[PDB]
2 protein chains.
Amino acid sequence: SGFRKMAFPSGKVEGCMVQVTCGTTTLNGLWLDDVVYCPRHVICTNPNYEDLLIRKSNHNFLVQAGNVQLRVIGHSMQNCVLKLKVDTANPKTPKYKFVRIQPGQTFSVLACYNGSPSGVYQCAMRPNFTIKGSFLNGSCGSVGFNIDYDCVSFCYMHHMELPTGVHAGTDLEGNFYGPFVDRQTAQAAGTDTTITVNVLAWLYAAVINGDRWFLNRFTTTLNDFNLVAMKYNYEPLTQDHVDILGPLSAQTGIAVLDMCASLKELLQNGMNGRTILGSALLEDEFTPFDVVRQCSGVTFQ
Amino acid sequence: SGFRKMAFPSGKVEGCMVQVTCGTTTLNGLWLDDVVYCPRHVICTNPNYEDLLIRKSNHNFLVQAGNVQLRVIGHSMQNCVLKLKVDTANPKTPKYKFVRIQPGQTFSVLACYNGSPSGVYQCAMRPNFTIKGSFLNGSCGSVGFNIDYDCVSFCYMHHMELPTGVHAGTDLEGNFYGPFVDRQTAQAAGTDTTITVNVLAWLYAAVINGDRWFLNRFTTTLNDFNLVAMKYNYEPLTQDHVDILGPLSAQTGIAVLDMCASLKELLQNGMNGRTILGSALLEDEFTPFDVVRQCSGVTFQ
Ligand SMILES: *CCC(=O)N(C[C@@H]1CCNC1=O)NC(=O)[C@H](CC1CCCCC1)NC(=O)[C@@H](NC(=O)OCc1ccccc1)[C@@H](C)OC(C)(C)C
Ligand SMILES: *CCC(=O)N(C[C@@H]1CCNC1=O)NC(=O)[C@H](CC1CCCCC1)NC(=O)[C@@H](NC(=O)OCc1ccccc1)[C@@H](C)OC(C)(C)C
């Protein structure tokens, strides 16, 4: 038992991290087969990246993979990411995919500096398309990912920090999550909301782990739940959410709509100085998947 | 910015995990050079492990490393761990050390099942020498570790779960942390306490990240702080603790004893529906080291 914020084993991604240096900008890149993916603002000198990139040669890009100099033989820009074609394919390339995730979905982040991984933690893509990460200078280019058996599904590359200390970035094809753009002009996060289906998943995790104090005899309609949810800045719960929580409902014997009644009362009354899973807040960065994976034992390799 | 519960990159340990099977017991083992380390209760059939181990041959131990059968050519028992000598040294062996940590020190856990890593999270060794982990059937043999530049310092191997859902285990030389023994007889955790120096470190992390609301104009003596600390089930703070928090004190300009005054008032008055670092509880599983590493940028390779 127990319940922890669990990242995927990072080793398959660690063997892909590289340093990309050109001019006075150094950042992290991601080396899969013979391409190195990195944020496009590595390009030298309110920017126009087309104009800036036609002015560069291959030999301007210094790519260090360990103690080895990688030779750039081609380059192209796709959205906000640069793709540097190197003369060597990465022997540690895992089976992988590029995936653009939906808000509410979680992933693991391997924080890197100078192509050297520093730590791994678990994140969610917030409803306003930021992540509450942990990132310092030089972290851009670090990626977020999920692993499914033997396949790394990369879903995030880090670019910037917003004034409120949250983080914005792109999928691996360079498309920002949310309305953000890669230039140092005024922009800010939209107002965020709580990921309701995830909170319910976490409540089910509590029940699986022996915590029951927050349950009740009440029930509620989907409509009536959403009316109280909206009041507490929670995302609406759809029938689709209900269906994903099906198998957790069936493991525990608590109908989804019964767990909604318990959540409703938690919102209306607070937790009164009690904790759920060692937390005094309702936690919303576990998906229904995350819960099932951690309380059944699904490994990856 | 931001502040996350950050585990070390796990890749260096993932390449050491193996399956150890003998009789009807299968668990995880740790393959460094030509030895496989695993919990001794893999031994067949209130136990007497000497007697049980003299009755086994090498060919009773099935060790799977990937799709490869490892051949056991020797075995020895050291405390509660078994050391299986295999005919092949692990080519992915990192630079490493075996270290027995003090309570309050944190580490990363790579949860494994059948020699296949499942996830990584960060833990602390509680003052009562348990860890609040996340572990299912077949997780014993999973290790906890720290990384310092290029060196893995293994400090924990997992053995058992206690009735309260916390976890007990050994160092890599087989010595249990705490008073626990590896047999299925009544035993339970001592009463735990909060790791005071870690809570203070986390408060400094809050200040580094821009949170200041909990500070105050008051100050306090070391003695007077410990008198209120003891009342709230906190560990005593020693002058040695004070000195470790030195460099965090100097980064922030808040004398250690001034941060103690702020902690004192937090304990006496609660947090009044505010949060520190997205937490509504005082968090005690970050060491002063962890904070400095995460808010300065120390990498490892
Ligand atoms: C690529 C370098 C890098 O690692 N990184 C990550 C952030 C540094 C600190 N924490 C991080 O996660 N990105 C950057 O530093 C950005 C570099 C820009 C170069 C030009 C194209 C866009 C990326 N800069 C930022 O992330 C800044 N944020 C920002 O400019 O937001 C828009 C904005 C501009 C002006 C006013 C208000 C908002 C950060 C570093 O600046 C602050 C505000 C966080 C201090
Ligand atoms: C090695 C198998 C394994 O993965 N594992 C880890 C735990 C399983 C579930 N969560 C875990 O972390 N260890 C075991 O399952 C233990 C096997 C024992 C074999 C003989 C030598 C000692 C290890 N068993 C336990 O951890 C049990 N705990 C236990 O027996 O505690 C002492 C005790 C005995 C009797 C009464 C009260 C306390 C667990 C699995 O049993 C419960 C109580 C947690 C259900």
# chains A, B, ... in the order shown; residues from 1 in each chain; ligands from 1

$ interface_residues --of "chain B" --to "chain A" --cutoff "7 Å" --atoms "only C-alpha atoms" --output "JSON, numbers by chain"
{"B": [1, 2, 3, 4, 5, 6, 7, 8, 9, 10, 11, 12, 14, 113, 116, 117, 118, 119, 120, 121, 132, 133, 134, 135, 136, 165, 280, 281, 297, 298, 299, 300, 301]}

$ residues_around --residues "residue 208 in chain A" --least-positions-apart "4" --cutoff "12 Å" --atoms "only C-alpha atoms" --output "PyMOL selection string"
chain A and resi 1-3+201-204+212+248-254+276-277+291-292+294-296

$ select_by_dssp --residues "range 18-255 of chain A" --states "alpha helix (DSSP H)" --output "ChimeraX atom specification"
/A:49-54,196-208,222-231,239-244,246-252

$ write_last_selection --atoms "N, CA and C atoms" --output "compact mmCIF listing (two decimals), in the first residue's frame"
# COMPACT_ATOMS: atom_id res chain seq x y z
N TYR A 49 11.99 34.22 -36.62
CA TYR A 49 12.86 33.05 -36.62
C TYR A 49 13.20 32.55 -38.02
N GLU A 50 12.29 32.66 -38.98
CA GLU A 50 12.65 32.39 -40.37
C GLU A 50 13.89 33.19 -40.76
N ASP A 51 13.77 34.52 -40.70
CA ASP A 51 14.89 35.40 -41.02
C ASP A 51 16.13 35.06 -40.22
N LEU A 52 15.96 34.72 -38.95
CA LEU A 52 17.12 34.44 -38.13
C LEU A 52 17.76 33.11 -38.51
N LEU A 53 16.97 32.15 -38.98
CA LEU A 53 17.51 30.81 -39.20
C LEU A 53 18.16 30.68 -40.57
N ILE A 54 17.70 31.43 -41.58
CA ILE A 54 18.38 31.40 -42.86
C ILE A 54 19.80 31.95 -42.75
N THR A 196 -11.45 17.92 -11.90
CA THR A 196 -12.40 17.21 -11.03
C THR A 196 -12.25 15.70 -11.14
N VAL A 197 -12.22 15.16 -12.36
CA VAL A 197 -12.11 13.71 -12.50
C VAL A 197 -10.87 13.18 -11.80
N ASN A 198 -9.78 13.95 -11.78
CA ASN A 198 -8.58 13.48 -11.10
C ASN A 198 -8.76 13.45 -9.59
N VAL A 199 -9.44 14.45 -9.04
CA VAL A 199 -9.71 14.47 -7.61
C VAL A 199 -10.50 13.23 -7.22
N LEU A 200 -11.51 12.89 -8.03
CA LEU A 200 -12.30 11.69 -7.75
C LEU A 200 -11.42 10.45 -7.82
N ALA A 201 -10.56 10.35 -8.84
CA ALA A 201 -9.63 9.21 -8.89
C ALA A 201 -8.84 9.09 -7.60
N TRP A 202 -8.34 10.21 -7.08
CA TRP A 202 -7.55 10.21 -5.86
C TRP A 202 -8.39 9.78 -4.66
N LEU A 203 -9.64 10.21 -4.62
CA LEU A 203 -10.51 9.70 -3.57
C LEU A 203 -10.63 8.18 -3.66
N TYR A 204 -10.79 7.64 -4.87
CA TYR A 204 -10.84 6.18 -4.99
C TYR A 204 -9.52 5.57 -4.53
N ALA A 205 -8.39 6.20 -4.87
CA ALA A 205 -7.11 5.72 -4.34
C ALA A 205 -7.12 5.67 -2.82
N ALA A 206 -7.72 6.68 -2.18
CA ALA A 206 -7.83 6.68 -0.73
C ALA A 206 -8.62 5.46 -0.25
N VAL A 207 -9.72 5.15 -0.92
CA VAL A 207 -10.55 4.05 -0.46
C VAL A 207 -9.82 2.72 -0.65
N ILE A 208 -9.19 2.53 -1.82
CA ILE A 208 -8.37 1.35 -2.07
C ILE A 208 -7.32 1.18 -0.99
N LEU A 222 -25.50 13.94 -11.77
CA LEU A 222 -24.41 14.59 -12.51
C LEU A 222 -24.63 16.09 -12.62
N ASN A 223 -25.86 16.50 -12.96
CA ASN A 223 -26.17 17.93 -13.07
C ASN A 223 -25.98 18.64 -11.74
N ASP A 224 -26.59 18.10 -10.69
CA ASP A 224 -26.52 18.75 -9.38
C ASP A 224 -25.09 18.79 -8.86
N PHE A 225 -24.27 17.79 -9.20
CA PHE A 225 -22.87 17.84 -8.79
C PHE A 225 -22.15 19.00 -9.46
N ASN A 226 -22.35 19.15 -10.77
CA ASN A 226 -21.66 20.19 -11.52
C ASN A 226 -22.06 21.59 -11.07
N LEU A 227 -23.27 21.74 -10.53
CA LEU A 227 -23.70 23.03 -10.02
C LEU A 227 -22.90 23.43 -8.79
N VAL A 228 -22.56 22.47 -7.92
CA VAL A 228 -21.72 22.78 -6.77
C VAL A 228 -20.26 22.85 -7.19
N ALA A 229 -19.86 21.98 -8.12
CA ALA A 229 -18.49 21.99 -8.63
C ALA A 229 -18.13 23.35 -9.21
N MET A 230 -18.95 23.86 -10.14
CA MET A 230 -18.68 25.16 -10.74
C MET A 230 -18.43 26.22 -9.68
N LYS A 231 -19.18 26.15 -8.57
CA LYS A 231 -19.06 27.15 -7.51
C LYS A 231 -17.68 27.13 -6.86
N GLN A 239 -20.03 12.84 -18.68
CA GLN A 239 -20.31 11.41 -18.63
C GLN A 239 -19.08 10.62 -19.06
N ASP A 240 -18.26 11.21 -19.94
CA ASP A 240 -17.05 10.52 -20.36
C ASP A 240 -16.12 10.32 -19.18
N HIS A 241 -15.91 11.37 -18.37
CA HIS A 241 -15.21 11.23 -17.10
C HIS A 241 -15.79 10.09 -16.27
N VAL A 242 -17.11 10.10 -16.10
CA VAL A 242 -17.78 9.05 -15.33
C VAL A 242 -17.35 7.67 -15.83
N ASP A 243 -17.37 7.47 -17.15
CA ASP A 243 -17.04 6.15 -17.69
C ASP A 243 -15.59 5.76 -17.42
N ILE A 244 -14.64 6.69 -17.59
CA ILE A 244 -13.25 6.37 -17.24
C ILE A 244 -13.14 5.94 -15.78
N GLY A 246 -15.10 4.25 -14.26
CA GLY A 246 -15.82 3.00 -14.10
C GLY A 246 -15.07 1.94 -13.32
N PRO A 247 -13.94 1.50 -13.85
CA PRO A 247 -13.20 0.39 -13.20
C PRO A 247 -12.73 0.69 -11.79
N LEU A 248 -12.45 1.94 -11.45
CA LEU A 248 -12.18 2.27 -10.06
C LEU A 248 -13.45 2.13 -9.23
N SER A 249 -14.58 2.58 -9.78
CA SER A 249 -15.86 2.38 -9.12
C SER A 249 -16.10 0.90 -8.83
N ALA A 250 -15.81 0.03 -9.81
CA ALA A 250 -16.11 -1.39 -9.65
C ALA A 250 -15.13 -2.09 -8.70
N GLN A 251 -13.87 -1.65 -8.65
CA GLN A 251 -12.94 -2.20 -7.68
C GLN A 251 -13.39 -1.92 -6.25
N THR A 252 -13.94 -0.73 -6.01
CA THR A 252 -14.26 -0.27 -4.66
C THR A 252 -15.72 -0.47 -4.28

$ residues_around --residues "residue 21 in chain B" --least-positions-apart "3" --cutoff "6 Å" --atoms "only C-alpha atoms" --output "list in words"
residues 25, 26, 61 and 62 of chain B

$ write_last_selection --atoms "N, CA, C and O atoms" --output "PDB file, in the first residue's frame"
ATOM      1  N   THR B  25       9.207 -18.364  -4.592  1.00  0.00           N
ATOM      2  CA  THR B  25       9.404 -16.945  -4.309  1.00  0.00           C
ATOM      3  C   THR B  25      10.171 -16.271  -5.433  1.00  0.00           C
ATOM      4  O   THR B  25      11.273 -16.700  -5.794  1.00  0.00           O
ATOM      5  N   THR B  26       9.588 -15.199  -5.955  1.00  0.00           N
ATOM      6  CA  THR B  26      10.204 -14.355  -6.961  1.00  0.00           C
ATOM      7  C   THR B  26      10.227 -12.946  -6.391  1.00  0.00           C
ATOM      8  O   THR B  26       9.248 -12.503  -5.787  1.00  0.00           O
ATOM      9  N   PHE B  61      18.721 -21.089  -7.560  1.00  0.00           N
ATOM     10  CA  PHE B  61      18.470 -19.656  -7.725  1.00  0.00           C
ATOM     11  C   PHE B  61      18.397 -19.280  -9.203  1.00  0.00           C
ATOM     12  O   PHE B  61      19.416 -19.274  -9.900  1.00  0.00           O
ATOM     13  N   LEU B  62      17.209 -18.889  -9.653  1.00  0.00           N
ATOM     14  CA  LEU B  62      16.985 -18.440 -11.019  1.00  0.00           C
ATOM     15  C   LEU B  62      17.065 -16.922 -11.027  1.00  0.00           C
ATOM     16  O   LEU B  62      16.259 -16.258 -10.371  1.00  0.00           O
TER      17      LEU B  62
END

$ closest_residue --among "A:39, A:23, A:91, A:178" --to "residue 59 in chain A" --atoms "only C-alpha atoms"
A:23

$ closest_residue --among "A:168, A:257, A:124, A:17" --to "ligand 1" --atoms "only C-alpha atoms and all ligand atoms"
A:168

$ closest_residue --among "B:151, B:195, B:160, B:261" --to "residue 233 in chain B" --atoms "only C-alpha atoms"
B:195

$ closest_residue --among "A:125, A:152, A:81, A:27" --to "residue 105 in chain A" --atoms "only C-alpha atoms"
A:125

$ atom_distance --atom1 "CA of residue 79 in chain B" --atom2 "atom 31 (O, counted along the ligand's line) of ligand 2"
18.2 Å
